[PDB]
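>>> My complex, part one, positions kept as in the full thing:
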Amino acid sequence: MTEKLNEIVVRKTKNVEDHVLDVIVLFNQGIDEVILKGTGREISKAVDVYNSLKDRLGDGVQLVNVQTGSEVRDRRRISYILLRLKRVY
């Protein structure tokens, strides 16, 4: 099961609120922890989602961890972000 360990990747095709919407829904099933991964353009999409999700309550949201590294995507090097999060309420 995945009650508190939902790892997900963000996209540049989907808007930001689409992931903030799918996130608040997941945190309804007990998903307190979540991981957004993004690349080149999707990289910033993960940010807004969390920023807008932080702007949601800040208290019912916690930043447990975040990391950043680059990898190959389409026979080319690109930057990527690993954004983690935790809910306290």
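Yep, that arrived. Numbers count the residues shown, from 1 in each chain, chains lettered A, B, ... in the order given.
>>> Just give the closest residue to the spatially most central residue of chain A, not the sequence neighbours.
In chain A, the centroid-proximal residue (C-alpha atoms, centre = their mean) is residue A:36; its distance is 2.7 Å. Spatial nearest neighbour of residue A:36, excluding adjacent residues (C-beta to C-beta, 6 or more residues apart in numbering): residue A:46 at 3.7 Å. For the C-beta atoms, the positions are set from N, CA and C on the backbone; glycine is no exception.
>>> Look at that neighbour and give its secondary structure.
With DSSP: H, G, I helix; E, B strand; the rest coil as the basis, the three-state label of residue A:46 is helix.
>>> separation between it and residue A:40?
Remark: distance between residue A:46 and residue A:40 (C-beta to C-beta, to the nearest Å) = 12 Å.
>>> Off-centre distance for the top strand by length along chain A?
The longest strand of chain A (DSSP state E) is strand A:77-85. Relative to the mean C-alpha coordinate of its chain, strand A:77-85 is positioned 9 Å out (C-alpha atoms, centre = their mean, to the nearest Å).
>>> which secondary structure elements does it contact?
In this structure, strand A:77-85 packs against strand A:34-39, helix A:42-57, strand A:66-72, with contacts taken as 3 or more C-beta pairs under 8 Å, 6 or more residues apart in numbering; DSSP states H and E.
>>> Show me what it pairs with in its sheet, parallel or antiparallel.
strand A:34-39 (antiparallel), strand A:66-72 (antiparallel) (DSSP bridges).
>>> attach chain B to the model above:
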Amino acid sequence: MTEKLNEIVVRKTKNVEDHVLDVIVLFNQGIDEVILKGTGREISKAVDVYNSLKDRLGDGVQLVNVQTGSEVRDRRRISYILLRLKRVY
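Below, chain B sits with the chains from the block before:
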């Protein structure tokens, strides 16, 4: 003075190695700690610079902290990343 507290903003007009070149030079002056900031497009040039700067040694490089939030830029909201780093050698 600033021997270990160089906060700098990354840009999308230069290049990734342009900021990796200016960084390796700053470290040479004793700048072990550094903070890269970027927005929407530059938010990606900051991660690359570090990822590539890590490809340099890993040991002589350390990730002290990293954060991500959204802010206003040109009467519009944009995503931004705060990337910190520490040199151990």
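>>> What packs on strand A:77-85 again please, this time with chain B.
In this structure, strand A:77-85 packs against strand A:34-39, helix A:42-57, strand A:66-72, helix B:42-54, with contacts taken as 3 or more C-beta pairs under 8 Å, 6 or more residues apart in numbering or on different chains; DSSP states H and E.
>>> elements contacting the longest one?
Which is helix A:42-57. helix A:17-26, strand A:34-39, strand A:77-85, helix B:42-54, strand B:66-72, strand B:77-85.
>>> do you know which of the ones you listed lies nearest residue B:28?
For those, the distance to residue B:28 is smallest for helix B:42-54, at 13.0 Å, taking C-beta to C-beta.
>>> Using CSV, write out the CA atom coordinates for that closest one.
Provided in CSV are the C-alpha atoms of helix B:42-54 (Å, rounded to 0.1, in the frame of the first residue of the first chain):
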residue,chain,number,x,y,z
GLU,B,42,17.2,30.4,-14.9
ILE,B,43,15.7,28.1,-12.2
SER,B,44,17.1,25.4,-14.5
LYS,B,45,20.5,26.9,-15.1
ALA,B,46,21.2,26.9,-11.4
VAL,B,47,20.6,23.1,-11.0
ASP,B,48,22.8,22.3,-14.0
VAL,B,49,25.7,24.5,-12.8
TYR,B,50,25.7,22.6,-9.5
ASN,B,51,25.1,19.1,-10.9
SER,B,52,28.0,19.8,-13.3
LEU,B,53,30.0,21.3,-10.4
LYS,B,54,29.4,18.1,-8.5
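>>> Next, the angle from it to strand A:34-39.
Note on geometry: by axes from the mean of the first three to the mean of the last three C-alpha atoms, to 10 degrees, helix B:42-54 and strand A:34-39 are set 90 degrees apart in direction.
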